[PDB]
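Report on one structure; see the data block that follows.
Neighbour counts are summed over all protein chains in view; Cβ atoms, including those assigned to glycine, are modelled from backbone coordinates with ideal geometry. We did not get these values from a lab; they are worked out from the coordinates using the rules stated.
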Amino acid sequence: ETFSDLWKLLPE
Amino acid sequence: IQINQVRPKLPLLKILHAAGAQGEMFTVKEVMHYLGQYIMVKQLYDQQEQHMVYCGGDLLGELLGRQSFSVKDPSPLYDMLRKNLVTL
């Protein structure tokens, strides 16, 4: 996978 | 209540500024965005295995108390954020 794509999935 | 949500403690504020964040109070969304940007432009993630962030020897690793972490198991990231974001 892509870092930014994984990071975007993170909740607040 | 107010528009901003949190004030980052100093070492985290430095990281957010390094990623291009302006000012010193933020919404949690802004904190997450700029933390991701920092990791991206410091290129702390493994090119081959991009869920893995190698933060040893970086201020981020100092903050996490860790040489690495996985964005697929982000609990130490959230631990650190709970400790380093002061609520307004």
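Can you tell me how many residues in the range B:51-73 are part of a loop (DSSP other than H, G, I, E, B), surrounded by 17 or more Cβ atoms within 10 Å (Cβ to Cβ) and within 11 Å of chain A (Cβ to nearest Cβ)?
Residues flagged as part of a loop (DSSP other than H, G, I, E, B), surrounded by 17 or more Cβ atoms within 10 Å (Cβ to Cβ) and within 11 Å of chain A (Cβ to nearest Cβ) within the range B:51-73 amount to 2.
Would you tally the residues in the range B:36-72 being within 13 Å of the chain's Cα centre (by Cα) and on the phi > 0 side of the Ramachandran plot?
Total meeting the criteria: 1.
Residue by residue through the range B:29-48, note down the ones that are at the interface with another protein chain (Cβ under 9 Å from one of its Cβ atoms) and of a type in the set (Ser, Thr, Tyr).
Selection gives B:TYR45 alone.
Just to be sure before I move on: is B:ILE15 crowded, with 18+ Cβ neighbours inside 10 Å, outside any loop (DSSP other than H, G, I, E, B), among the β-branched types (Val, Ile, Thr) and away from chain A (no Cβ under 14 Å) in the structure I sent?
So B:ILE15 passes the test.
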